[PDB]
Amino acid sequence: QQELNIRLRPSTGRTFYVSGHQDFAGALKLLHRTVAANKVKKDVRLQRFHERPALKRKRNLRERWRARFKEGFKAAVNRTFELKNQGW
Amino acid sequence: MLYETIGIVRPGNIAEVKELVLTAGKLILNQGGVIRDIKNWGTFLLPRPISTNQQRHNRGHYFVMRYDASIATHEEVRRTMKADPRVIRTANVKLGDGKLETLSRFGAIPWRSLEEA
Amino acid sequence: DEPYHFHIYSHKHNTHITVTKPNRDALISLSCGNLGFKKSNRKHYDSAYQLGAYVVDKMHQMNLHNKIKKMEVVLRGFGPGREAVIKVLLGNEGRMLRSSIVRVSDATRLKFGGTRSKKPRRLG
Amino acid sequence: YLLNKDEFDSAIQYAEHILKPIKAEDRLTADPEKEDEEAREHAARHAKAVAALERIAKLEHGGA
Amino acid sequence: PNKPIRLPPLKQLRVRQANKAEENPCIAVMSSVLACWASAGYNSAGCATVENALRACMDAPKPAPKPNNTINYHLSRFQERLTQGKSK
Amino acid sequence: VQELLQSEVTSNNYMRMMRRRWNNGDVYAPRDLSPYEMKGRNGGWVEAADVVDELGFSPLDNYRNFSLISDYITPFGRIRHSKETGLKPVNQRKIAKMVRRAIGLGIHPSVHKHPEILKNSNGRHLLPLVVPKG
Amino acid sequence: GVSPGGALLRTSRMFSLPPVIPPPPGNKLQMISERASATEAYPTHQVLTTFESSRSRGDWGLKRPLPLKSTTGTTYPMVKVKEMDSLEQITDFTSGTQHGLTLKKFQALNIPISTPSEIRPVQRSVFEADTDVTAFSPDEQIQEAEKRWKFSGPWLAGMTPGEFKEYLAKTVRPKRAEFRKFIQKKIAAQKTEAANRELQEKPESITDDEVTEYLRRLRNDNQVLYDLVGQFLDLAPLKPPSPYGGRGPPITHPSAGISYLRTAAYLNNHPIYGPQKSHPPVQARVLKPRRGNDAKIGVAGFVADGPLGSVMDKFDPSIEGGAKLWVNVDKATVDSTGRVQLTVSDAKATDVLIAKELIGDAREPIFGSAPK
Amino acid sequence: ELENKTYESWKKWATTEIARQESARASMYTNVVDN
Amino acid sequence: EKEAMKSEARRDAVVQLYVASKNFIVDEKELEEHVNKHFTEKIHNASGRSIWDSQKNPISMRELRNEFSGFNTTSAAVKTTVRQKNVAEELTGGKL
RNA sequence: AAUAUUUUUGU
RNA sequence: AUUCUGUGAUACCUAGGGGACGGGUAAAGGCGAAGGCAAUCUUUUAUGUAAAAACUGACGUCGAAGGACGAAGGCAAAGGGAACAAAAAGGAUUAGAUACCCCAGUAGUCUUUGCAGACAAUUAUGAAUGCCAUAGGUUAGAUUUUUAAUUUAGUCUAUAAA
Ligand SMILES: [K+]
Ligand SMILES: [K+]
Ligand SMILES: [K+]
Ligand SMILES: [K+]
Ligand SMILES: [K+]
Ligand SMILES: [Mg+2]
Ligand SMILES: [Mg+2]
Ligand SMILES: [Mg+2]
Ligand SMILES: [Mg+2]
Ligand SMILES: [Mg+2]
Ligand SMILES: [Mg+2]
Ligand SMILES: [Mg+2]
Ligand SMILES: [Mg+2]
Ligand SMILES: [Mg+2]
Ligand SMILES: [Mg+2]
Ligand SMILES: [Mg+2]
Ligand SMILES: [Mg+2]
Ligand SMILES: [Mg+2]
Ligand SMILES: [Mg+2]
Ligand SMILES: [Mg+2]
Ligand SMILES: [Mg+2]
Ligand SMILES: [Mg+2]
Ligand SMILES: [Mg+2]
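Residue numbers (the entry's author numbering), protein chains in the order written: chain TT, 149 to 236; chain FF, 1 to 117; chain KK, 253 to 376; chain OO, 129 to 192; chain 11, 2 to 89; chain RR, 108 to 241; chain AA, 6 to 124, 132 to 213, 230 to 269, 288 to 337, 341 to 358, 368 to 430; chain UU, 191 to 225; chain VV, 212 to 257, 262 to 287, 293 to 316.
#1: Of all the residues that make up the region 231–246 of chain VV, which are near chain FF by a beta-carbon distance shorter than 8 Å?
#2: Could you tell me whether any Cβ in chain OO is nearer than 9 Å to the Cβ of residue 9 (chain FF)?
#3: I want to see whether chain VV comes within less than 9 Å of residue 184 (chain AA), judged by CB atoms only; does it?
#4: Between the alpha carbons of residue 145 (chain RR) and residue 126 (chain RR), how many angstroms are there, rounded?
#5: At 9 Å on the CB atoms, spell out the chain AA contacts of residue 231 (chain TT), in chain order.
#6: Report the partner residues of residue 347 (chain AA) according to the DSSP bridge assignment.
#7: In angstroms, rounded to a whole number, what distance separates the CA positions of residue 416 (chain AA) and residue 316 (chain AA)?
#8: Looking at the secondary structure, which residues open and close the alpha helix (DSSP H) in which residue 97 (chain AA) lies?
#9: Against residue 141 (chain RR), what residues of chain UU qualify as contacts under a CB-to-CB distance less than 8 Å, listed in chain order?
#10: Within 10 angstroms of its Cβ, does residue 65 (chain AA) collect 16 or more other Cβ (buried), or is it exposed?
#11: Nearest chain KK C-beta to residue 49 (chain 11) closer than 9 Å, yes or no?
#12: Cα-Cα, which of 346 (chain KK), 268 (chain KK), 336 (chain KK) is closest to residue 301 (chain KK)?
#13: Please list the partners that residue 354 (chain KK) has in chain RR, where partner means a Cβ-to-Cβ separation under 8 Å.
#14: So for residue 125 (chain RR), helix, strand or coil by DSSP?
#15: By DSSP, does residue 304 (chain AA) sit in helix, in strand, or in coil?
#16: List, in order along the chain, the chain 11 residues whose C-beta lies closer than 9 Å to that of residue 220 (chain UU)?
#17: Leaving aside the five residues before and after residue 209 (chain RR) along the sequence, list all residues of the same chain whose C-beta is less than 6 Å from its C-beta, in chain order.
#18: Could you say which of 328 (chain KK), 266 (chain KK), 281 (chain KK), 344 (chain KK) lies nearest to residue 42 (chain 11) if we only look at CA atoms?
#19: According to DSSP, simplified to helix, strand and coil, what is residue 166 (chain RR)?
#20: Here's a check: name, in chain order, each residue in its chain whose Cβ is nearer than 8 Å to the Cβ of residue 71 (chain FF), leaving out the five neighbours to either side.
#21: Between residue 200 (chain RR) and chain VV, is there a C-beta pair that is closer than 9 Å?
#22: Ordered along the chain, which non-local residues of its own chain (more than five positions away) have a Cβ less than 6 Å from that of residue 152 (chain OO)?
#23: What are the partner residues of residue 86 (chain AA), as DSSP defines its beta bridges?
#24: Residue 193 (chain UU) touches chain AA at which residues, Cβ-Cβ below 7 Å?
#25: Going by DSSP, what residue range makes up the beta strand (DSSP E) through residue 35 (chain FF)?
#26: Say whether chain FF places a C-beta atom closer than 9 Å to the C-beta of residue 189 (chain OO).
#27: Measure from the alpha carbon of residue 260 (chain KK) to the alpha carbon of each residue in 370 (chain KK), 291 (chain KK), 369 (chain KK), 356 (chain KK), then state which is nearest.
#28: Measuring only the C-alpha atoms, how far is residue 202 (chain TT) from residue 267 (chain KK)?
#29: Suppose the cutoff is 7 Å on Cβ atoms and the five residues either side in sequence are ignored; what does the same chain contact list for residue 62 (chain AA) look like?
#30: Compute the distance between the beta-carbons of residue 135 (chain AA) and residue 119 (chain AA), then report whether it is under 9 Å.
#31: Give the residues of chain VV in contact with residue 172 (chain OO), contact being defined as C-beta atoms less than 8 Å apart.
#32: With a Cβ-Cβ cutoff of 9 Å, do residue 12 (chain AA) and residue 397 (chain AA) count as a contact?
#33: Do you know offhand how far residue 207 (chain TT)'s Cα is from residue 213 (chain TT)'s?
#34: Which chain KK residues are close to residue 116 (chain RR), counting only those with a beta carbon under 9 Å from its beta carbon?
#35: Is it buried or exposed for residue 152 (chain RR), if we count other Cβ within 10 angstroms and need 16 for buried?
The structure is reproduced here in structure tokens:
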């Protein structure tokens, strides 16, 4: 600011303020949702030990297929009920 | 080639901004360049406090300069800026893809609009 | 006027609670071991709950529930104490200091690349 | 930019011919204070454009 | 963003747990009792209203099991049509 | 005045359950008022088309814009996935690179939005300050 | 030359199905919902019917017979076929009453569609030989372009910056040669004017000097130039120096084929009371109360703004079935995007009570019992 | 008339969920001690 | 003819770059005149010493989409003039 | 969700 | 447990340095002869792909040998040395434990100039040409009645004839 400068640090981006329609408990739920949407807890675990480029690559291929298979499965489950609703 | 330099200097003196913009400006024209525009941005916070030459800075005086000079001039322009202890940091970039059709639509540095390319 | 801070650092094996002033100077810097836990019980959820209650209790003895008008709760790490201490501040133990909270931030340290980490372990 | 002295000069001669200040429709209605002024203003502006375009199209200012 | 993939040929298109797993409600009341003792105390009066709720929970009769979900049957009808086929 | 105030709260509560903004010309049927339609099972407010193609701009040439970069990075400073931006792989690679150029050039933060943008957002007077400590 | 088998298919009924027209235009730079879609502004698929004798069997003239569960029981048999045979080997269909009955409701209001009016009400019909015309000739000048409604060129102010670039480069740039010829035809006519006028008391005009020079004379007057470019590309006029081009031309017919009535200047003769003053009211729902700076109401399936004035002030959960108020539809028009906007105007009191007399809802009947 | 029967069913769903959310708001904070 | 269409498109780019040569700077005389005019201690409404005061913020995505979704309101009149010109400049090539 | 005591042999 | 700490540690800050690393984006994605290549700016370098036109006119494919390139580790010389870590060394586990685990830790990893030429250097499938029926995704383009369908060159699943 004019006299005191803002503390620009990684925690500055991970900050949620208390307002009239957002109490303390409401700021925690907003934080947890944002801390999990950015996969912070996942980064701490992966950065605990080193994963060579080949293991980090093959690990993504395994997790990327399970994500595509799970997505295409929910689409077939909801497509089944969309057809079951038409009487098919 | 169409270049663009975003220089950040100390917020203390406004005269220091003129001498820097003029030194690099005359340098471009003497070599044979064509300055397209020079926007004077004010003094606002930096991405983070960075210390240069045993001096902690929290906000520098920004300024953009879009010129069309040769490679030798560009390197010489951004090399003198770096050596100058009055600049906090610089951001040089090559504008456009190199084609004439796109290089002819670069004018004033926009702030409330985009560079439609 | 920067608010007071209530840093809560917690990892797999211990938890630290530091209460600083606007200038970031520690006032109450305690850990689980300060209560009597020895080498294994500093990780338990219960120990982190007693530490939070002990720290908050010490804040009342120092008359900080009337001296602090604005406070910030900073969280670093995902250990068991991340939820234990929060529930203390979100219960009856921390009802006096709850009204003065204005911010809630996270200060977990991550590296974009950074220094090489230890090799994986083979426990099996 | 895949140009040459011929194409360059043609564009200049064309650009200046389509931007020349159109004179008044009639002579009695013409105003020498404005017509002669635009002639000098446009002429000076043309010299600047030519001097600026010649530097942009200079092949010595290109890359490998 | 890409759309859901067409699942490969599977042996059977089904969901492991068709009907949701019901959580014992009294386990949640016990957690509240253990919370009072942690903060208030064991031989206190603040846990009175909470301890009584724990006794009333274990006394009440458990609900009846819900009718099983027929999702897996409809998934088996549209498997060969939704996926690439059946494999065995 | 008590009944008047309590009625307002209960009224606004129901207004929150009508997850639909009726517009002029929108055709509605008796089914468009049932819970299934109002429940809003859709959990995604995704974009329609590639904004970089509708606005016809080159991201790489607009690295100066500090608001354009803060719009394509999460509050944590992480580039947004194509699911959120809803861009094509080519345009996503252009915006992803424009963010790295600006951050790499040192003109934009890498872990949060630009400070000057944090001054205009909520919590203006509650931003973390730096005490001189001396 | 077509075989007899190929000649019957051409005239068959299933081959007459119209292609699925694009959905009603929406904001390109906006967010929408993917896993859920509500009713559209106007229909995009053809609504089908079948004989009551064929409905008991599921035969709708499609690839396969439809199921009887979701197809029988309703009064009006309507269905929309999104795909006659999908990758699941099933006719992807859905009930079409969402738009089939909405047309019957609107047509029950007995109101025509009139051209939009800027704010002396002048309700002019849409189907008229002067305005409703799509064919034209190169002789009609700008003064007649205000009548047309179907233009070949796009609305510049509506197109996005990217859609405008594609137009300039791939539709406008490769037309200079043909446009220069367009000027020559005009210059050829100008030279004939003086010749004709002088004879009472054409030249080929192929010369690049006149064309190139003719354009240099219009640089000072850019207005007359735009009128010439628009005529070559068939653009919708934007600047007044008029045809309600503020929001742009319509993406369809001004009526959208929903109501073909031309005038509302009639008086329904009531049996007992006689010719009434205004048209019978219509009950309307109350959606999105003010406490949004405007209230929405559902009039015959459509959503329109409430009358310029309770039920509109605050929400009332106690009111069973929701707040419903009687109202009169004053004017109806189709905007550029294709929406059907209604100018719902508050209704009178006597009309409502009169409309209920034939229903049995009026508390005190107006006939006989009414002493004054 | 059909909209009434559907609007009523929505009202039942709204009041049920609204009341349900109140429990979530009160369950966030802890008051089991009954101070 | 195909080689003429390319040269023609190459010419238009030079005429465009010719019209934008009014704001360029070719000699030191225009340089010092430009610096002394824009670089002053009281140029950004001073109060405030930042471009974030006169022009509060740079155009964002929210604002951009609002120009084509929110409003569509009088910016069309200022935009149409700039668009109609671009259409005429393309066909006629006059670069008005 | 990121948890991990030990446990050999068989003409 | 060895170990760190009252010579004030951990925790929370301030101000100066110092090295190597590369978060998100990120995908069945892409690029090169392979090996292999993922922060960023400027400079620099050879192929390849799409669309049309124009040009040369069989100038093509494979290719022993020679030569060039060739991962990590390693040798040689001079730098650098935060982190990780063969070796050496200690603490535990265990019937025993060089081991797996732990406290610390040198070469080495990085830079520059050479040597070295072995790899599950893999698609366990040499390179190349002609040819054989479909479908569902996906990558970079092209065309269009750019809504959505054709189409060129790749890549990946599931099939027909075989
Ligand atoms: K110290
Ligand atoms: K390739
Ligand atoms: K170590
Ligand atoms: K060698
Ligand atoms: K394919
Ligand atoms: Mg301690
Ligand atoms: Mg180790
Ligand atoms: Mg073991
Ligand atoms: Mg044996
Ligand atoms: Mg460094
Ligand atoms: Mg490889
Ligand atoms: Mg990465
Ligand atoms: Mg060969
Ligand atoms: Mg060989
Ligand atoms: Mg080596
Ligand atoms: Mg080496
Ligand atoms: Mg050595
Ligand atoms: Mg040992
Ligand atoms: Mg190396
Ligand atoms: Mg290898
Ligand atoms: Mg070979
Ligand atoms: Mg691939
Ligand atoms: Mg296969």
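Backbone N, C-alpha and C define an ideal beta-carbon position, used for all residues, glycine too.
Looking at the atomic coordinates:
#1: Shown in chain order are the members of the region 231–246 of chain VV whose Cβ falls below 8 Å from a Cβ of chain FF: 231, 234, 235, 236, 237, 238, 239, 242, 243, 245, 246.
#2: For residue 9 (chain FF), the answer is no, since every Cβ of chain OO falls outside 9 Å of its Cβ.
#3: Residue 184 (chain AA) has a beta carbon lying within less than 9 Å of a beta carbon in chain VV.
#4: Roughly 6 Å separates the two Cα atoms.
#5: Under the 9 Å cutoff, chain AA gives 93, 95, 97.
#6: According to DSSP, which records beta bridges pairwise, residue 347 (chain AA) is partnered with 352 (chain AA).
#7: The alpha-carbon atoms of residue 416 (chain AA) and residue 316 (chain AA) are separated by roughly 11 Å.
#8: For residue 97 (chain AA), no alpha helix (DSSP H) run applies; the uninterrupted beta strand (DSSP E) run containing it begins and ends at 97–99, by DSSP.
#9: Within chain UU, the residues near residue 141 (chain RR) are 196, 199, 200.
#10: It counts as buried.
#11: No, because no Cβ of chain KK sits closer than 9 Å to the Cβ of residue 49 (chain 11).
#12: Measuring from the Cα of residue 301 (chain KK), the nearest candidate turns out to be 336 (chain KK).
#13: By Cβ distance, chain RR contributes 233.
#14: Coil at residue 125 (chain RR), not helix or strand.
#15: Residue 304 (chain AA): coil per DSSP, three-state reduction.
#16: Around residue 220 (chain UU), the beta-carbon contacts reaching into chain 11 at under 9 Å are 33, 36, 40.
#17: Here residue 209 (chain RR) has 170, 176, 215 as same chain residues with Cβ atoms under 6 Å from its own Cβ, once five neighbours each way along the sequence are excluded.
#18: Scanning 328 (chain KK), 266 (chain KK), 281 (chain KK), 344 (chain KK) for the CA closest to the CA of residue 42 (chain 11) turns up 344 (chain KK).
#19: Here residue 166 (chain RR) sits in helix by DSSP.
#20: So the qualifying residues of the chain are 1.
#21: So no, residue 200 (chain RR) is outside the interface.
#22: Here residue 152 (chain OO) has 158 as same chain residues with Cβ atoms under 6 Å from its own Cβ, once five neighbours each way along the sequence are excluded.
#23: Under DSSP, the beta-bridge partners assigned to residue 86 (chain AA) are 98 (chain AA).
#24: Per Cβ cutoff of 7 Å: 331.
#25: In this chain, the beta strand (DSSP E) harbouring residue 35 (chain FF) covers 34–39.
#26: Yes, because at least one Cβ of chain FF sits closer than 9 Å to the Cβ of residue 189 (chain OO).
#27: Ranking the options by Cα distance to residue 260 (chain KK), first place goes to 356 (chain KK).
#28: Rounded to the nearest whole angstrom, the CA to CA distance from residue 202 (chain TT) to residue 267 (chain KK) is 35 Å.
#29: 70.
#30: In this structure, residue 119 (chain AA) lies closer than 9 Å to residue 135 (chain AA) by Cβ.
#31: Residues of chain VV passing the Cβ test: none, with the nearest at roughly 11 Å.
#32: Using a Cβ distance threshold of 9 Å, residue 12 (chain AA) and residue 397 (chain AA) do not count as a contacting pair.
#33: Approximately 10 Å, taken between the alpha carbons.
#34: Around residue 116 (chain RR), no beta-carbon contact reaches into chain KK at under 9 Å, the shortest distance being about 23 Å.
#35: Only exposed fits residue 152 (chain RR), as fewer than 16 other CB atoms lie within 10 angstroms of its CB.
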